[PDB]
Amino acid sequence: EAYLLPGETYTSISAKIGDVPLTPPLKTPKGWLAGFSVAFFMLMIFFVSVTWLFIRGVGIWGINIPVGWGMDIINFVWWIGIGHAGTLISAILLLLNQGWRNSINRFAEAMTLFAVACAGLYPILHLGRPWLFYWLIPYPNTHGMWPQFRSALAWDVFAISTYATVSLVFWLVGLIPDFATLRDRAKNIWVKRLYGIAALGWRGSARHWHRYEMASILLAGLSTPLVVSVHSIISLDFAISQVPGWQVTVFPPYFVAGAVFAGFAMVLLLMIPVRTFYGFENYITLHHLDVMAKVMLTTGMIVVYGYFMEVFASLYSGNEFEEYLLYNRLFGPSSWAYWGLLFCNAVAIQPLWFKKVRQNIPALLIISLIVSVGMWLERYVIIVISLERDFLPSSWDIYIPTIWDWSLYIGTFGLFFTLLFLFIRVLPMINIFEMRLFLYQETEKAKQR
Amino acid sequence: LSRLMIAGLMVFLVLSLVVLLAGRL
Amino acid sequence: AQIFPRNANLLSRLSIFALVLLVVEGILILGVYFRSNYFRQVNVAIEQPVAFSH
Amino acid sequence: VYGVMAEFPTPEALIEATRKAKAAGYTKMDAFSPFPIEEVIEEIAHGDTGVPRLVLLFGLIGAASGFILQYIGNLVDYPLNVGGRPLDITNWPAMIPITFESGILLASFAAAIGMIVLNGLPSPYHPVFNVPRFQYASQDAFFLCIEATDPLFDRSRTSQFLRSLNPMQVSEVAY
Amino acid sequence: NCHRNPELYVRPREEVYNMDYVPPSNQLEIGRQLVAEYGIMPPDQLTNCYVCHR
Amino acid sequence: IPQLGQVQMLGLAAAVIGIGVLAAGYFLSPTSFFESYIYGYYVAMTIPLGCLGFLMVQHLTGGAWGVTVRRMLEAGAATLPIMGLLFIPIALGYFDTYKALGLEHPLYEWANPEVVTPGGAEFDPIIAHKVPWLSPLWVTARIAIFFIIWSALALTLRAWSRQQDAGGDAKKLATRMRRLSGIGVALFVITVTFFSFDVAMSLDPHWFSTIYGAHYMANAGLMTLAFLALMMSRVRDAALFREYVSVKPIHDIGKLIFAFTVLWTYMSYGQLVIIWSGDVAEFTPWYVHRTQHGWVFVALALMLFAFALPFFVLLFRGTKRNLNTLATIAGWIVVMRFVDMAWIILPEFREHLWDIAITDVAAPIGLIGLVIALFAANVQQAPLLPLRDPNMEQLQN
Amino acid sequence: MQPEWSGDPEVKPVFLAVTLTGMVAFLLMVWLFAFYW
Ligand SMILES: CCCCCCCCCCCCCCC(=O)OC(COC(=O)CCCCCCCCCCCC(C)C)COC(=O)CCCCCCCCCCCC(C)C
Ligand SMILES: CCCCCCCCCCCCCCC(=O)OC[C@H](COP(=O)(O)OCCN)OC(=O)CCCCCCCCCCCCCC
Ligand SMILES: CCCCCCCCCCCCCCCC(=O)OC[C@H](COP(=O)(O)OCCN)OC(=O)CCCCCCCCCCCCC
Ligand code: HEC
Ligand SMILES: CCCCCCCc1cc(O)c2ccccc2[n+]1[O-]
């Protein structure tokens, strides 16, 4: 297939992308209105859950003395791992010179920013004394105190702050000539200045385009090891511990693979309604869905290899705690998570080898939803089951989540979808430039035969 | 214009010294 | 030139400068308030029910 | 007064006009397009951008500051025994992540702010927007402006040369 | 500050209730002498958390 | 063809020298002959396994660098049956025929009946716990199955490429090797990880690591990428790369080398920080053995010359756009990979930095000379680039 | 290539203004966080 369907011009690309924003608010579609109403209702659920958490304590959740990390940390790793694929499309595909990033990178990087926004509250939300998140930051105080910096949560402070900041910076840099296009295409004189001050007078200059391309290349070549280091550090906040399910040394590439897996699951699950509800079949194509499912299949195979590595470590070790970790995962009180994980991450990916299933849209939607559920189950298996049964059998208990961490999860879903619907209202879903540049590159390829 | 930067820096410095003196008030 | 006036470049540069200075001034105001003698009750004659004279 | 620019319908005509203007000896010229033509930059903006030197400098500054902050804070300013871990350069693991993240942060700040400053982007009001057809310069229109800082510049002769390049429209752009 | 550098603030133990006592011109040599004389612990011991907090 | 013959006779001479010095050292220490041969095999397997791995990666993700180095990757990966034939000394080392070959106690710790059987002299219970998995019969069967998989995969990919060059549809005989590469990347990852396990980590069964094997994959990838840079610099005047190959495959190869130098130090540092921060005595003796008796100097040299020097000289655009500078950096990199596999494997035998013999440098140099000669003989049988390929348009840039 | 503002007489005044602002803010933060008490 092709990554750009024939019959497109630069002005047609500019009109077809920038006419979904810049419409008057009275002409807002009812589908957007219904989705934003659902997102705002779940954001009200988020506000109620956060207010009751701050009023009562972190004891409204199911966390206890052996399992001190529960659904809060599961949803933290889940939401922070959603953003890896958007950072991959924005940076690693720019490094690799892959032409399919040009129509998915804006929405995917916006999804990365909103997933990091949802996952950055989770440390502050689970913290137990939430107003002292700044004591983890190295800041000057009258005590002379410092963060330890040997723990992985200080690395998490630096990694999450750097990931959010550099992702927002690279997204705004990728938006600046789109801001120029919206400033040019606007009609009302007062919404010209809304995108004019964000475009900063871009002008499309070829001298400016050289520095822009160099800055985008260097930002991609800094954001690839940035995102690998961020997900390695989020692996390390279990892997530096002595917990038998957590002292596993393949966790940094395993967590990188799991984050890219869940990220492209969410990316496909949000491209497909955007592709079928906006006129983006020429831009987001069946080849785009095919290659995104191919990267899903590859990274899910790496996660299956990580499962095999953990099972091999448990069987190969003579260690009773590794043996009981495998036994507890297979036949424990929380073995439902491991068995559903095996079904949702191993059985459901063997259809993705097949070309017809890879090209099929509802099969891709079902597979992406199953992979998201199974990745939540993976983070449950990593955290909760390993914390449930530990070295001393007297300190064994079961983790039962309450209604309040589920309500907080539904609320962060609503916050993510509220931010996404605001993004698709006021900003283009796909990059106006670099897709007309993609059209020019495909025209040059056709001229070169 | 660098002169407006210098004037804004002077205003910021004067206001910050007033803030420090009010801290030691 | 189509939308923004002539002084928009100087206004935008001065806006970036004033935003950075405002962030620095806010951090400074927070630090001075948390170290101030009023907040820490330093060098203030705390009144007693008898006004005992050391 | 600022310069003379000409409008072109296709990037191939923009490439040909930028090649013909550079062959006539015109320097200090800029071309405006909705996307990087490249076949114009290699001619009118060839050289070092100045971004990667700043990126390398502030990445080194960030890595050095991220190591020095952890070293001073955990080892010099406040020597604390946590977990039996070393109190010297043997504690070089668990300094690499914050060192690397600080280096990445300041290098990406260098990339962004250095590009924005170095291309002179912080100039929303530009003389080039005085042309009423420059609104389409991000909506499939292509321009090539020969600035007044060129030595062999004349308001009539440059306009005649650009008209001899067979354009769509020549506009004498003002300040 | 005084738990890490007590020699700038230590005094003969017999000049503690004397409000007229001022430290001498040098004070560092006699501060080290009084720290060694009274067996004042190193800053690691004096900067331990459970010295103060509990 | 002249430069291919020059590197072929260079590898033949290096192989003759290495095998001669190794056979001279065998008569003075037949144990250390096989202990150095294990390290030489681990070094010399970094090239053909990495060639098969990037052959499948470039088949899945096409590129100008991929069609530039594709026939070199086929020639490197076609040497894997000869590597299967060369694994036989290690297998005879850990079989029951160790007594007839001068080696006094068997080559691996799980080949000892006194260790893996109860009532023996040593009877290590952890190694006796791994007695079915870490047995000579099971290990030989697993590594032979891995050789069969690698040989069938590489021979099928090379045969399909040669059929595409000779006669047939170029588009139809590209989807077949793309699908074979798609299943072969997963098979290659699990197969190379378990091969690296059973060859290197099975020396000391007291210590296990799950990022091992994939760290060996990054090591082998960096080794064969610098190998590709050196060979690409050697064949730059061959009347096939003068017309169709420009500086953009060189730039892509240098970017891949820089990226996998960063990836190798990532897979080393992740394991190091996990074992260092989680102070468990099941894992810390590895870094104790890799730090004590002068091995901390080799670890610091790996920090300084395998990461800090190529990271800084490969960060510049001009040093990877030039084949001479890329070849010099690639030679320094393959020297540092020799040092890295030394630091990984040789603490399991020598125990001291000053206990390194001349067999420990004779075995990898001679066996990589054999790899050089076999690769040159295989690339002399084919054109250097797939002219009748759909991805030939990527070379036009 | 040369930067955009190359040859402008305001470039070194604005660089001295930015560096003066940075050093004044740095010294003021150092005073507040180290020599204030
Ligand atoms: C255990 C710790 C490991 C340390 C990891 C260090 C990796 C950091 C690399 C950053 C990417 C910059 C490449 C720029 C670029 O795009 O290069 C261009 C050529 O253009 C240029 O001229 C270069 C532009 C400026 C470069 C200066 C960089 C500043 C210094 C970085 C600050 C870090 C600190 C620590 C000094 C073309 O080259 C490429 O595009 C190649 C990109 C390769 C990506 C590497 C992917 C590896 C992923 C693994 C990550 C490992 C974990 C541990 C981080
Ligand atoms: C995901 C976390 C790790 C990311 C590391 C990836 C490496 C990023 C930086 C390396 C850049 C490589 C140079 C650029 C390049 O050659 O790639 C683009 C290439 C060619 O594209 P054309 O220009 O020819 O045009 C084609 C479309 N018009 O496209 C490719 O073929 C991609 C190359 C594949 C990269 C293989 C990396 C795999 C990483 C494996 C990590 C090991 C895992 C161990 C468990
Ligand atoms: C010893 C050597 C190392 C071998 C490493 C093997 C293990 C690594 C996995 C292999 C990665 C290959 C990705 C293949 C996915 C794919 O098929 O996509 C192909 C795309 C585009 O291809 P198109 O358009 O359809 O056709 C081109 C041919 N005409 O190419 C790409 O570049 C996308 C690949 C992006 C890589 C992301 C996956 C990285 C895994 C993450 C985990 C890593 C842990 C650190
Ligand atoms: C210098 C004027 C000091 C200040 C300010 C504070 N402390 Fe102190 N402290 C000081 C000395 C000379 C010593 C003697 C201990 C020794 O071994 O010489 C101490 C010790 C204490 C202790 C005793 C605990 C122990 O010695 O194990 C306590 C509980 C203690 N200091 C508390 C304390 C607190 C809470 C302070 C802040 C208000 C404080 N000290 C300030 C000298 C000085
Ligand atoms: C200002 C940025 C700070 C926000 C991130 C805080 C870091 C942080 C703090 C915690 O207490 C954690 C506990 C479990 C898992 C991750 C954690 N992270 O990442």
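Our subject is the structure listed above.
Q: What's the story with the site of ligand 1 in this structure? I'm lost.
A: Of all residues adjacent to ligand 1, which total 23 residues, the nearest are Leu95, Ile217, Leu218, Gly221 and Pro225 of chain A. Each of chains A, D and F places residues next to ligand 1. At 3.3 Å, a backbone N or O of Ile217 of chain A approaches an oxygen atom of ligand 1. In the environment of ligand 1, an oxygen atom lies 3.5 Å from a nitrogen or oxygen atom belonging to the side chain of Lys320 of chain F. Protein coverage of the free-state accessible area of ligand 1, which is 1,100 Å², stands at 91%. With nine residues, the top contributor of residues to the shell around ligand 1 is helix α7 (residues 206–239) of chain A. Partitioning the shell around ligand 1 into residue classes produces 17 nonpolar, four polar and two charged.

Q: It is not clear to me how the interface of chain D and chain G should be interpreted in this structure. Could you clarify?
A: How big an interface is tends to be reported as the loss of accessible area on association of its parts. Listed per partner, the contact involves nine residues of chain D and four residues of chain G. Between chain D and chain G lies a buried interface of about 540 Å² when both sides are counted; carbon and sulfur atoms form 56% of it. Taken as a group, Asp48, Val117 and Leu118 of chain D account for 50% of the area that chain D buries against chain G, more than any other trio of residues on that side. Here chain D is connected to chain G by zero salt bridges.

Q: Looking at this structure, I do not really get the pairing of strand β3 (residues 142–147) of chain D. What am I missing?
A: Successive residues of a regular strand alternate their side chains across the two faces of the sheet. Residue and element names in this part refer to chain D. For β3, the buried fraction is high: six of the six residues fall into the buried class. Of the two faces of β3, the one carrying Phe142, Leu144 and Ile146 and the one carrying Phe143, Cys145 and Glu147 are both buried. With four bridges connecting them, strand β2 (residues 29–32) and β3 associate as antiparallel partners. Bridged to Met29 within β3 is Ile146.

Q: Would you mind going over the site of ligand 2 with me for this structure?
A: Among the 20 residues in the neighbourhood of ligand 2, the closest are listed as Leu96 and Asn97 of chain A together with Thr61, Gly62 and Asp252 of chain F. With respect to ligand 2, the side chain of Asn97 of chain A contributes an N or O atom lying 2.5 Å from an oxygen atom. The side chain of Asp252 of chain F places a nitrogen or oxygen atom 3.0 Å from an oxygen atom of ligand 2. In the complex, 78% of the free accessible area of ligand 2, which totals 1,100 Å², lies under the protein chains. Mapped by element, the contributors of at least two residues to the shell around ligand 2 are α3 (71–96) and α7 of chain A together with α4 (64–77) and α13 (247–277) of chain F. A total of six residues in the shell around ligand 2 trace back to one element, the largest contributor, which is α13 of chain F.

Q: Whenever I open this one, unusual backbone geometry confuses me. Can you help?
A: Phi is mostly negative for residues that are not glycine, and the peptide bonds are mostly trans. With phi around 60°, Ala94 of chain D is a residue other than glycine that occupies positive phi space. Within the secondary structure, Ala94 of chain D is located in the loop between α3 (51–76) and α4 (96–118). Positive phi values are uncommon outside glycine, yet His293 of chain F reaches one of about 60°. Turning to its location among the elements, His293 of chain F is positioned in the loop between α14 (284–289) and α15 (295–313). By relative accessible area, which is 31% here, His293 of chain F ends up partly exposed.

Q: Sorry, what's going on with the coordination of the iron atom of ligand 4 here?
A: For a metal bound by four donors in a tetrahedral arrangement, the ideal donor-metal-donor angle is 109.5 degrees, while six donors in an octahedral arrangement ideally sit at 90 or 180 degrees. Exactly one donor from the protein chain reaches the iron atom of ligand 4: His3 of chain E (NE2), at 2.1 Å. Looking at the element boundaries, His3 of chain E is found in the segment before α1 (28–38).

Q: What is the right way to look at a nonpolar patch on the surface in this model?
A: On the surface, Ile6 and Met10 of chain B together with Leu20, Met23, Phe26 and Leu27 of chain G cluster together into a nonpolar patch covering about 550 Å² of accessible area. Elements that contribute at least two residues to the nonpolar patch include exactly α1 (2–23) of chain B together with α1 (11–34) of chain G. At four residues, the largest contribution of residues to the nonpolar patch is made by α1 of chain G. With respect to the helices, strands and loops of the structure, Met23 of chain G is situated in helix α1. Classification of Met23 of chain G as partly exposed rests on a relative accessible area of 42%.

Q: Help me understand the side chain of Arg150 of chain A in this model?
A: The topology assignment puts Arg150 of chain A in the loop between α4 (105–126) and α5 (152–185). Look at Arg150 of chain A: it is buried, it has no salt bridge, and the nearest opposite charge is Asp88 of chain D at 9.0 Å. At 2.8 Å, the side chain of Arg150 of chain A and the backbone oxygen of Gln148 of chain A are in polar contact. Within the structure, the side chain of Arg150 of chain A is placed 3.1 Å from the side chain of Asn91 of chain D, a separation counted as a polar contact. Ignoring anything within four residues of it in the chain, the contact list for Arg150 of chain A reads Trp155 and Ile240 of chain A together with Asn74, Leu80, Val82, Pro86, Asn91 and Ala94 of chain D.

Q: Help me out: how do you make sense of helix α18 (residues 359–379) of chain F in this one?
A: Three or four residues apart is the spacing at which side chains of an α-helix point the same way, because the helix has 3.6 residues per turn. Over its 21 residues, α18 of chain F extends 30 Å from the first C-alpha to the last, a length consistent with the 30 Å expected when each residue adds 1.5 Å. Of all the 21 residues making up α18 of chain F, 16 are buried; the element is thus mostly covered by neighbouring parts of the structure.

Q: Which parts of the structure should I look at to understand the interface of chain D and chain A?
A: Every contact between the two is made by 64 residues of chain D and, on the other side, 57 residues of chain A. Three residues, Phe35, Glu101 and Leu121 of chain D, lead the burial of chain D against chain A; their summed loss comes to 11% of the area buried on that side. The tally of links between chain D and chain A comes to three salt bridges. Where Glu147 of chain D meets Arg207 of chain A, a salt bridge forms, and the shortest distance between an N and an O atom there is 2.8 Å. The interface formed by chain D and chain A includes 22 residue pairs in polar contact. Counting residues per element, the side of chain D that touches chain A draws most heavily on α4 of chain D, at 15 residues.

Q: Hey, could you run me through the sheet that holds β2 of chain D in this one?
A: Strand pairing in a sheet is mediated by backbone hydrogen bonds. Such pairs are either parallel or antiparallel. Residues and elements named next belong to chain D. Spatially, β2-β3-β1-β4 is the arrangement adopted by the four strands of the open sheet, whose pairing is antiparallel. With partners counted over all chains shown, the strands left at the sheet margins are β2 and β4 (169–173), one partner each. Averaged over all neighbouring strand pairs, the angle between strand axes comes to 20°, with direction disregarded. Note: strand β1 (residues 3–8) against β3, six bridges, orientation antiparallel. Looking across to β3, one finds that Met5 is bridged to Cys145. With respect to the sheet, helix α5 (residues 157–164) is in contact with β1, β3 and β4, its orientation differing from that of β1 by roughly 10°.

Q: What am I meant to see in the pattern of salt bridges here?
A: When the charged atoms of two side chains lie near each other, side chains of opposite charge can form a pair. Applying the stated rule across the entire model yields 25 salt bridges over all chains. Two residues, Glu310 of chain A and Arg329 of chain A, come together in a salt bridge whose shortest N-O distance is 3.6 Å. Of the two residues, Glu310 of chain A sits in helix α9 (residues 286–316) while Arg329 of chain A sits in helix α10 (residues 320–331), which places them 19 residues apart along the sequence. Its relative accessible area of 8% is what places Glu310 of chain A among the buried residues. Bridged by salt links that share partners, the residues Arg207 of chain A, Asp30 and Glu147 of chain D together with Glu4 of chain G form one connected network.

What counts and what doesn't
Residue labels reflect position in each chain's written sequence, counted from 1, rather than necessarily the entry's numbering. Residues lacking coordinates are not shown. All chains are assigned letters beginning with A, and all ligands numbers beginning with 1, in the order in which they are written. Readers should keep in mind that the chains presented make up only part of a larger assembly and that every value pertains to that part. Note: side-chain values were computed over all heavy atoms of the structure, leaving out hydrogens and water. When we say a residue is near a molecule or strand, we mean one of its heavy atoms is within 4 Å of it. N or O atoms closer than or at 3.5 Å make up a polar contact, with two conditions inside protein: a donor-capable atom paired with an acceptor-capable one, and, for residues adjacent in sequence, both atoms drawn from side chains. Shrake-Rupley sampling with a 1.4 Å probe provides the accessible areas, and residues are treated as covered by the protein chains on show and by no other component. Comment: elements are numbered from the N terminus, with helices defined as DSSP H or I runs of at least four residues and strands as E runs of at least two. Amino acid classes used here: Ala, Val, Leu, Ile, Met, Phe, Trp, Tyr, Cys and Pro are nonpolar; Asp, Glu, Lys and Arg are charged; the rest, including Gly, are polar. Contacts are assigned to residue pairs with any non-hydrogen atoms lying within 4.5 Å of each other. By buried area we mean how much accessible surface two parts lose on assembly, using a 1.4 Å probe and totalling the loss over both. By salt bridge we mean one thing: a side-chain nitrogen of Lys or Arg within 4 Å of a carboxyl oxygen of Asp or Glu. Any residue under 20% of the maximum accessible area for its type is buried, any over 50% is exposed, and the rest in between are partly exposed; the area is computed with a 1.4 Å probe on protein chains only. Between any two strands, pairing holds if DSSP finds at least two bridges. For Na, K and Ca the donor cutoff is 3.2 Å, while for all other metals N, O and S atoms count as donors only within 2.8 Å; water does not appear among the atoms, so some sites may look incomplete. A patch is a set of surface residues, each over 30% in relative accessible area and not in a salt bridge, joined within 9 Å for like charges and within 5 Å for the nonpolar side chains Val, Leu, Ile, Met, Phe, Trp and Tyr. Two residue types count as positive, namely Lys and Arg, and two as negative, namely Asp and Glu; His and chain ends fall outside the count. Expected helix span is given by 1.5 Å per residue-to-residue step, counting one fewer step than there are residues. What counts as an axis is a line fitted to C-alpha atoms, over the stretch in contact for a helix, and the angles between N-to-C directions run from 0 to 180 degrees.

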